[PDB]
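Novice: Quick one, entry.cif (mmCIF, N, CA and C atoms):
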```cif
data_query
#
loop_
_atom_site.label_atom_id
_atom_site.label_comp_id
_atom_site.auth_asym_id
_atom_site.auth_seq_id
_atom_site.Cartn_x
_atom_site.Cartn_y
_atom_site.Cartn_z
N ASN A 1 -18.86 -36.05 -39.62
CA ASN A 1 -20.11 -36.11 -38.88
C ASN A 1 -20.47 -34.75 -38.29
N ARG A 2 -21.60 -34.70 -37.58
CA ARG A 2 -22.05 -33.45 -36.98
C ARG A 2 -21.08 -32.97 -35.91
N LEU A 3 -20.55 -33.89 -35.11
CA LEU A 3 -19.68 -33.52 -34.00
C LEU A 3 -18.44 -32.79 -34.51
N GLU A 4 -17.80 -33.33 -35.55
CA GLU A 4 -16.59 -32.72 -36.09
C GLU A 4 -16.87 -31.34 -36.65
N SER A 5 -17.98 -31.19 -37.38
CA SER A 5 -18.30 -29.88 -37.96
C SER A 5 -18.58 -28.85 -36.87
N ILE A 6 -19.34 -29.24 -35.85
CA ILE A 6 -19.65 -28.31 -34.76
C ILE A 6 -18.38 -27.90 -34.03
N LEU A 7 -17.50 -28.87 -33.74
CA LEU A 7 -16.26 -28.54 -33.05
C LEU A 7 -15.35 -27.68 -33.92
N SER A 8 -15.31 -27.93 -35.23
CA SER A 8 -14.49 -27.10 -36.11
C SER A 8 -15.00 -25.66 -36.13
N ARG A 9 -16.32 -25.48 -36.24
CA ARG A 9 -16.87 -24.13 -36.22
C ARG A 9 -16.60 -23.44 -34.89
N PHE A 10 -16.79 -24.16 -33.78
CA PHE A 10 -16.54 -23.56 -32.47
C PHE A 10 -15.08 -23.20 -32.30
N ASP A 11 -14.17 -24.06 -32.76
CA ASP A 11 -12.74 -23.77 -32.65
C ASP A 11 -12.37 -22.56 -33.48
N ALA A 12 -12.91 -22.45 -34.69
CA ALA A 12 -12.63 -21.29 -35.52
C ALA A 12 -13.12 -20.01 -34.85
N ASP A 13 -14.34 -20.03 -34.31
CA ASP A 13 -14.88 -18.84 -33.66
C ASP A 13 -14.10 -18.50 -32.39
N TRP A 14 -13.71 -19.51 -31.62
CA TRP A 14 -12.95 -19.29 -30.39
C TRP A 14 -11.58 -18.70 -30.69
N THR A 15 -10.90 -19.23 -31.70
CA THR A 15 -9.55 -18.75 -32.02
C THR A 15 -9.59 -17.38 -32.68
N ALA A 16 -10.63 -17.10 -33.47
CA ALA A 16 -10.71 -15.81 -34.14
C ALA A 16 -10.80 -14.66 -33.15
N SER A 17 -11.59 -14.82 -32.09
CA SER A 17 -11.82 -13.77 -31.10
C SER A 17 -11.09 -14.03 -29.79
N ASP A 18 -9.89 -14.61 -29.85
CA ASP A 18 -9.16 -14.93 -28.63
C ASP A 18 -8.68 -13.67 -27.92
N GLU A 19 -8.04 -12.76 -28.66
CA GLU A 19 -7.42 -11.60 -28.02
C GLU A 19 -8.45 -10.65 -27.43
N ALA A 20 -9.55 -10.41 -28.15
CA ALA A 20 -10.61 -9.57 -27.61
C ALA A 20 -11.22 -10.19 -26.36
N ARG A 21 -11.39 -11.52 -26.37
CA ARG A 21 -11.90 -12.22 -25.20
C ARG A 21 -10.97 -12.03 -24.01
N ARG A 22 -9.67 -12.19 -24.22
CA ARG A 22 -8.71 -12.04 -23.13
C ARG A 22 -8.70 -10.62 -22.60
N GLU A 23 -8.74 -9.63 -23.49
CA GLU A 23 -8.74 -8.24 -23.05
C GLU A 23 -10.01 -7.90 -22.27
N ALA A 24 -11.17 -8.37 -22.73
CA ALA A 24 -12.41 -8.11 -22.01
C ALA A 24 -12.41 -8.80 -20.65
N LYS A 25 -11.88 -10.02 -20.58
CA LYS A 25 -11.79 -10.71 -19.30
C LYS A 25 -10.87 -9.97 -18.34
N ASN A 26 -9.76 -9.43 -18.85
CA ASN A 26 -8.90 -8.61 -18.01
C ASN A 26 -9.63 -7.36 -17.53
N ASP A 27 -10.40 -6.71 -18.41
CA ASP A 27 -11.13 -5.53 -17.98
C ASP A 27 -12.12 -5.86 -16.87
N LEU A 28 -12.82 -6.99 -17.00
CA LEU A 28 -13.75 -7.41 -15.96
C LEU A 28 -13.02 -7.67 -14.65
N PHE A 29 -11.90 -8.39 -14.71
CA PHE A 29 -11.15 -8.68 -13.49
C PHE A 29 -10.59 -7.41 -12.86
N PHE A 30 -10.09 -6.50 -13.69
CA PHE A 30 -9.50 -5.25 -13.22
C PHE A 30 -10.53 -4.37 -12.54
N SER A 31 -11.74 -4.30 -13.10
CA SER A 31 -12.78 -3.44 -12.56
C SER A 31 -13.69 -4.15 -11.56
N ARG A 32 -13.47 -5.43 -11.29
CA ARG A 32 -14.37 -6.12 -10.37
C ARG A 32 -13.66 -6.81 -9.22
N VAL A 33 -12.46 -7.36 -9.45
CA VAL A 33 -11.78 -8.11 -8.40
C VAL A 33 -10.64 -7.30 -7.81
N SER A 34 -9.64 -7.00 -8.62
CA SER A 34 -8.46 -6.29 -8.15
C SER A 34 -7.70 -5.73 -9.34
N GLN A 35 -6.96 -4.65 -9.09
CA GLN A 35 -6.19 -3.99 -10.13
C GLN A 35 -4.74 -4.44 -10.16
N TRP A 36 -4.35 -5.37 -9.28
CA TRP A 36 -3.01 -5.94 -9.28
C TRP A 36 -3.09 -7.31 -9.93
N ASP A 37 -2.91 -7.33 -11.24
CA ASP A 37 -3.06 -8.56 -12.02
C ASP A 37 -1.82 -9.44 -11.94
N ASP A 38 -1.38 -9.77 -10.72
CA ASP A 38 -0.18 -10.58 -10.50
C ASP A 38 -0.60 -12.03 -10.33
N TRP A 39 -0.62 -12.79 -11.43
CA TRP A 39 -0.76 -14.23 -11.30
C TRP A 39 0.45 -14.81 -10.59
N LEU A 40 1.64 -14.32 -10.95
CA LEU A 40 2.88 -14.59 -10.25
C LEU A 40 2.95 -13.64 -9.06
N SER A 41 4.11 -13.56 -8.41
CA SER A 41 4.27 -12.81 -7.17
C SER A 41 3.14 -13.08 -6.19
N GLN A 42 2.93 -14.35 -5.84
CA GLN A 42 2.02 -14.74 -4.77
C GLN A 42 2.78 -15.33 -3.59
N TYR A 43 4.04 -15.72 -3.80
CA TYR A 43 4.91 -16.13 -2.70
C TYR A 43 6.32 -15.59 -2.91
N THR A 44 6.53 -14.85 -4.00
CA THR A 44 7.83 -14.26 -4.30
C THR A 44 8.39 -13.51 -3.10
N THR A 45 7.70 -12.46 -2.68
CA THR A 45 8.00 -11.69 -1.48
C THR A 45 6.80 -10.80 -1.21
N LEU A 46 6.50 -10.60 0.07
CA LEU A 46 5.31 -9.85 0.45
C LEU A 46 5.68 -8.37 0.56
N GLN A 47 5.22 -7.59 -0.41
CA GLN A 47 5.47 -6.16 -0.46
C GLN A 47 4.14 -5.43 -0.54
N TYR A 48 4.12 -4.19 -0.05
CA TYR A 48 2.88 -3.43 -0.03
C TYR A 48 2.39 -3.17 -1.45
N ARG A 49 1.10 -3.41 -1.67
CA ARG A 49 0.47 -3.24 -2.98
C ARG A 49 -0.86 -2.53 -2.75
N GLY A 50 -0.86 -1.20 -2.84
CA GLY A 50 -2.05 -0.45 -2.53
C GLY A 50 -3.12 -0.56 -3.60
N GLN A 51 -4.34 -0.18 -3.22
CA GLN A 51 -5.50 -0.21 -4.10
C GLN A 51 -6.16 1.16 -4.01
N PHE A 52 -5.67 2.10 -4.80
CA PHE A 52 -6.16 3.48 -4.79
C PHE A 52 -6.86 3.73 -6.12
N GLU B 1 -20.12 -5.67 -3.74
CA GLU B 1 -19.30 -4.69 -3.06
C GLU B 1 -20.16 -3.49 -2.67
N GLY B 2 -19.91 -2.96 -1.48
CA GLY B 2 -20.60 -1.78 -1.02
C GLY B 2 -19.85 -0.51 -1.36
N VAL B 3 -19.69 0.38 -0.38
CA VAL B 3 -18.97 1.63 -0.58
C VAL B 3 -17.73 1.74 0.29
N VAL B 4 -17.60 0.92 1.33
CA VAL B 4 -16.48 1.02 2.26
C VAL B 4 -15.40 -0.02 1.95
N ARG B 5 -15.63 -0.88 0.95
CA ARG B 5 -14.64 -1.89 0.61
C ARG B 5 -13.46 -1.29 -0.13
N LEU B 6 -13.73 -0.34 -1.03
CA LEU B 6 -12.69 0.17 -1.91
C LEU B 6 -11.86 1.28 -1.27
N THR B 7 -12.31 1.83 -0.15
CA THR B 7 -11.58 2.87 0.57
C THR B 7 -10.74 2.32 1.71
N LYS B 8 -10.67 1.00 1.87
CA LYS B 8 -9.99 0.43 3.03
C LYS B 8 -8.50 0.74 3.02
N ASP B 9 -7.85 0.63 1.86
CA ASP B 9 -6.41 0.84 1.80
C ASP B 9 -6.04 2.27 2.16
N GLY B 10 -6.72 3.25 1.55
CA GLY B 10 -6.42 4.64 1.85
C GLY B 10 -6.69 4.99 3.30
N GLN B 11 -7.80 4.49 3.85
CA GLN B 11 -8.12 4.76 5.25
C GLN B 11 -7.10 4.14 6.19
N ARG B 12 -6.69 2.90 5.92
CA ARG B 12 -5.67 2.26 6.75
C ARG B 12 -4.35 3.02 6.68
N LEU B 13 -3.97 3.47 5.48
CA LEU B 13 -2.74 4.23 5.34
C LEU B 13 -2.83 5.56 6.07
N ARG B 14 -4.00 6.21 6.01
CA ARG B 14 -4.21 7.45 6.76
C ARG B 14 -4.05 7.22 8.25
N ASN B 15 -4.66 6.16 8.77
CA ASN B 15 -4.56 5.86 10.19
C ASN B 15 -3.12 5.58 10.59
N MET B 16 -2.40 4.80 9.77
CA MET B 16 -1.01 4.49 10.09
C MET B 16 -0.14 5.73 10.07
N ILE B 17 -0.34 6.62 9.09
CA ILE B 17 0.47 7.83 9.02
C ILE B 17 0.19 8.73 10.21
N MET B 18 -1.09 8.88 10.58
CA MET B 18 -1.42 9.70 11.74
C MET B 18 -0.83 9.11 13.02
N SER B 19 -0.87 7.78 13.16
CA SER B 19 -0.28 7.14 14.33
C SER B 19 1.23 7.36 14.38
N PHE B 20 1.91 7.22 13.24
CA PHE B 20 3.35 7.45 13.20
C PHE B 20 3.69 8.89 13.56
N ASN B 21 2.92 9.84 13.05
CA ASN B 21 3.19 11.24 13.35
C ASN B 21 2.91 11.56 14.81
N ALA B 22 1.88 10.94 15.40
CA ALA B 22 1.63 11.11 16.83
C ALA B 22 2.78 10.54 17.65
N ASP B 23 3.33 9.40 17.22
CA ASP B 23 4.51 8.85 17.88
C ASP B 23 5.68 9.82 17.79
N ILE B 24 5.87 10.43 16.62
CA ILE B 24 6.93 11.42 16.45
C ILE B 24 6.71 12.60 17.39
N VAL B 25 5.47 13.06 17.51
CA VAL B 25 5.17 14.19 18.39
C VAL B 25 5.47 13.84 19.84
N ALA B 26 5.10 12.63 20.27
CA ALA B 26 5.19 12.29 21.68
C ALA B 26 6.60 11.91 22.10
N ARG B 27 7.24 11.00 21.36
CA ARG B 27 8.48 10.38 21.82
C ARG B 27 9.74 11.11 21.36
N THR B 28 9.62 12.17 20.58
CA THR B 28 10.81 12.90 20.15
C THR B 28 11.23 13.89 21.23
N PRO B 29 12.49 13.86 21.67
CA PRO B 29 12.94 14.85 22.64
C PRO B 29 12.82 16.26 22.09
N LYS B 30 12.44 17.19 22.97
CA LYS B 30 12.20 18.57 22.56
C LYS B 30 13.52 19.31 22.38
N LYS B 31 13.43 20.58 22.00
CA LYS B 31 14.60 21.40 21.73
C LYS B 31 15.13 21.98 23.04
N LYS B 32 16.29 21.51 23.47
CA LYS B 32 16.99 22.02 24.63
C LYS B 32 18.46 22.20 24.28
N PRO B 33 19.14 23.15 24.93
CA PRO B 33 20.53 23.43 24.56
C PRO B 33 21.47 22.29 24.92
N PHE B 34 22.56 22.19 24.16
CA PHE B 34 23.63 21.24 24.42
C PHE B 34 24.70 21.93 25.25
N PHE B 35 24.89 21.48 26.49
CA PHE B 35 25.84 22.09 27.41
C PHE B 35 26.84 21.05 27.88
N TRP B 36 28.11 21.44 27.93
CA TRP B 36 29.09 20.64 28.64
C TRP B 36 28.84 20.77 30.14
N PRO B 37 29.05 19.70 30.92
CA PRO B 37 28.84 19.80 32.37
C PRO B 37 29.75 20.82 33.04
N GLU B 38 30.92 21.10 32.46
CA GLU B 38 31.82 22.11 33.01
C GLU B 38 31.48 23.52 32.55
N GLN B 39 30.64 23.68 31.53
CA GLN B 39 30.24 25.01 31.10
C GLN B 39 29.27 25.65 32.09
N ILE B 40 28.48 24.84 32.79
CA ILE B 40 27.45 25.33 33.69
C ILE B 40 27.67 24.84 35.12
N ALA B 41 28.91 24.50 35.47
CA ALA B 41 29.21 24.03 36.81
C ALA B 41 29.00 25.16 37.81
N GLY B 42 28.06 24.97 38.74
CA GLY B 42 27.69 25.99 39.68
C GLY B 42 26.62 26.94 39.19
N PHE B 43 26.22 26.84 37.92
CA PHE B 43 25.18 27.67 37.34
C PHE B 43 23.95 26.86 36.95
N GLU B 44 23.80 25.65 37.49
CA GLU B 44 22.71 24.77 37.07
C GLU B 44 21.35 25.37 37.39
N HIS B 45 21.23 26.03 38.54
CA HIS B 45 19.94 26.59 38.94
C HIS B 45 19.50 27.75 38.06
N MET B 46 20.41 28.32 37.25
CA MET B 46 20.04 29.43 36.39
C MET B 46 19.24 28.98 35.17
N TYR B 47 19.47 27.76 34.69
CA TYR B 47 18.81 27.24 33.50
C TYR B 47 17.66 26.29 33.82
N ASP B 48 17.17 26.29 35.06
CA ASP B 48 16.08 25.40 35.41
C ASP B 48 14.82 25.71 34.61
N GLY B 49 14.52 26.99 34.44
CA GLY B 49 13.30 27.41 33.77
C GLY B 49 12.67 28.59 34.47
N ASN B 50 13.18 28.90 35.66
CA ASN B 50 12.69 30.05 36.41
C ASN B 50 13.12 31.35 35.74
N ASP B 51 12.41 32.42 36.06
CA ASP B 51 12.68 33.74 35.51
C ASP B 51 13.17 34.69 36.61
N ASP B 52 14.01 34.18 37.50
CA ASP B 52 14.54 34.97 38.61
C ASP B 52 15.90 35.59 38.30
#
```
The structure in this file should be written as structure tokens.

Specialist:
Amino acid sequence: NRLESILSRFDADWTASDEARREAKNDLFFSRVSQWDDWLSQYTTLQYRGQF
Amino acid sequence: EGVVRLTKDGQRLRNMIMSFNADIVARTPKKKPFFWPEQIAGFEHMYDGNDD
């Protein structure tokens, strides 16, 4: 049906450009939110992390 | 974001370093000679600071 074909095309396009998407999202986060990309180390231990 | 958001870390570190150095300037004992109490027994008034 139409639903299966649309989802197959979307999945192919999403998987083909996964790595570029992730890298661009990291660039946006790095240049807009913070340069300390620590998903972990949020309760590990509180150490100084400068933003220069 | 404006212009003062991204300089906060460096400015805070500058303020902290200046405060620490001011503490060093104020609370550090100055340079005075090390004397045994028997080395200057009876000569205490000579090292007061007068030029007599």

Novice: Given the PyMOL selection byres ((chain A) within 8 of (chain B)) and the file above, list the residues it selects as a CSV table (one decimal) with N, CA and C atoms, keeping the file's coordinate frame.

Specialist:
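Saved as out_7.csv:
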```
chain,number,residue,atom,x,y,z
A,49,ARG,N,1.1,-3.4,-1.7
A,49,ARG,CA,0.5,-3.2,-3.0
A,49,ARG,C,-0.9,-2.5,-2.8
A,50,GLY,N,-0.9,-1.2,-2.8
A,50,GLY,CA,-2.0,-0.4,-2.5
A,50,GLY,C,-3.1,-0.6,-3.6
A,51,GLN,N,-4.3,-0.2,-3.2
A,51,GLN,CA,-5.5,-0.2,-4.1
A,51,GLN,C,-6.2,1.2,-4.0
A,52,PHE,N,-5.7,2.1,-4.8
A,52,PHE,CA,-6.2,3.5,-4.8
A,52,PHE,C,-6.9,3.7,-6.1
```

Novice: Grab the atom N of residue 9 (chain A) to CA of residue 24 (chain A) distance for me, in Å with one decimal place.

Specialist: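 These two atoms are separated by 22.8 Å.
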
Novice: What separation in Å, quoted to one decimal, exists between CA of residue 38 (chain A) and CA of residue 23 (chain A)?

Specialist: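 The value is 15.4 Å.
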
Novice: Kindly provide, as AutoDock Vina command-line options, the centre and edge lengths (Å, one decimal) of an axis-aligned box around all atoms of region 3-20 of chain B given in the file, with 5 Å on each side.

Specialist:
```
--center_x -8.0 --center_y 3.9 --center_z 6.2 --size_x 33.4 --size_y 21.6 --size_z 26.3
```

Novice: Would you mind writing down, as an mmCIF file with N, CA and C atoms, in the coordinates of the input, each residue of chain B that DSSP on the backbone assigns to helix (DSSP H, G or I)?

Specialist:
```cif
data_model
loop_
_atom_site.group_PDB
_atom_site.id
_atom_site.type_symbol
_atom_site.label_atom_id
_atom_site.label_comp_id
_atom_site.auth_asym_id
_atom_site.auth_seq_id
_atom_site.Cartn_x
_atom_site.Cartn_y
_atom_site.Cartn_z
ATOM 1 N N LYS B 8 -10.670 1.000 1.870
ATOM 2 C CA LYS B 8 -9.990 0.430 3.030
ATOM 3 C C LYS B 8 -8.500 0.740 3.020
ATOM 4 N N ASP B 9 -7.850 0.630 1.860
ATOM 5 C CA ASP B 9 -6.410 0.840 1.800
ATOM 6 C C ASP B 9 -6.040 2.270 2.160
ATOM 7 N N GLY B 10 -6.720 3.250 1.550
ATOM 8 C CA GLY B 10 -6.420 4.640 1.850
ATOM 9 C C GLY B 10 -6.690 4.990 3.300
ATOM 10 N N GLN B 11 -7.800 4.490 3.850
ATOM 11 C CA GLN B 11 -8.120 4.760 5.250
ATOM 12 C C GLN B 11 -7.100 4.140 6.190
ATOM 13 N N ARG B 12 -6.690 2.900 5.920
ATOM 14 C CA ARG B 12 -5.670 2.260 6.750
ATOM 15 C C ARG B 12 -4.350 3.020 6.680
ATOM 16 N N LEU B 13 -3.970 3.470 5.480
ATOM 17 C CA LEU B 13 -2.740 4.230 5.340
ATOM 18 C C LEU B 13 -2.830 5.560 6.070
ATOM 19 N N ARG B 14 -4.000 6.210 6.010
ATOM 20 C CA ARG B 14 -4.210 7.450 6.760
ATOM 21 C C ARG B 14 -4.050 7.220 8.250
ATOM 22 N N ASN B 15 -4.660 6.160 8.770
ATOM 23 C CA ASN B 15 -4.560 5.860 10.190
ATOM 24 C C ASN B 15 -3.120 5.580 10.590
ATOM 25 N N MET B 16 -2.400 4.800 9.770
ATOM 26 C CA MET B 16 -1.010 4.490 10.090
ATOM 27 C C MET B 16 -0.140 5.730 10.070
ATOM 28 N N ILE B 17 -0.340 6.620 9.090
ATOM 29 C CA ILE B 17 0.470 7.830 9.020
ATOM 30 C C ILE B 17 0.190 8.730 10.210
ATOM 31 N N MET B 18 -1.090 8.880 10.580
ATOM 32 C CA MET B 18 -1.420 9.700 11.740
ATOM 33 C C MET B 18 -0.830 9.110 13.020
ATOM 34 N N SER B 19 -0.870 7.780 13.160
ATOM 35 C CA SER B 19 -0.280 7.140 14.330
ATOM 36 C C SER B 19 1.230 7.360 14.380
ATOM 37 N N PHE B 20 1.910 7.220 13.240
ATOM 38 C CA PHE B 20 3.350 7.450 13.200
ATOM 39 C C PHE B 20 3.690 8.890 13.560
ATOM 40 N N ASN B 21 2.920 9.840 13.050
ATOM 41 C CA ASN B 21 3.190 11.240 13.350
ATOM 42 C C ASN B 21 2.910 11.560 14.810
ATOM 43 N N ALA B 22 1.880 10.940 15.400
ATOM 44 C CA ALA B 22 1.630 11.110 16.830
ATOM 45 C C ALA B 22 2.780 10.540 17.650
ATOM 46 N N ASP B 23 3.330 9.400 17.220
ATOM 47 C CA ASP B 23 4.510 8.850 17.880
ATOM 48 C C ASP B 23 5.680 9.820 17.790
ATOM 49 N N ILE B 24 5.870 10.430 16.620
ATOM 50 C CA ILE B 24 6.930 11.420 16.450
ATOM 51 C C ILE B 24 6.710 12.600 17.390
ATOM 52 N N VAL B 25 5.470 13.060 17.510
ATOM 53 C CA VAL B 25 5.170 14.190 18.390
ATOM 54 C C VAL B 25 5.470 13.840 19.840
ATOM 55 N N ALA B 26 5.100 12.630 20.270
ATOM 56 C CA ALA B 26 5.190 12.290 21.680
ATOM 57 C C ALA B 26 6.600 11.910 22.100
ATOM 58 N N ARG B 27 7.240 11.000 21.360
ATOM 59 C CA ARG B 27 8.480 10.380 21.820
ATOM 60 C C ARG B 27 9.740 11.110 21.360
ATOM 61 N N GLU B 44 23.800 25.650 37.490
ATOM 62 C CA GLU B 44 22.710 24.770 37.070
ATOM 63 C C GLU B 44 21.350 25.370 37.390
ATOM 64 N N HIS B 45 21.230 26.030 38.540
ATOM 65 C CA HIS B 45 19.940 26.590 38.940
ATOM 66 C C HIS B 45 19.500 27.750 38.060
ATOM 67 N N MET B 46 20.410 28.320 37.250
ATOM 68 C CA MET B 46 20.040 29.430 36.390
ATOM 69 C C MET B 46 19.240 28.980 35.170
ATOM 70 N N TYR B 47 19.470 27.760 34.690
ATOM 71 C CA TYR B 47 18.810 27.240 33.500
ATOM 72 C C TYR B 47 17.660 26.290 33.820
#
```
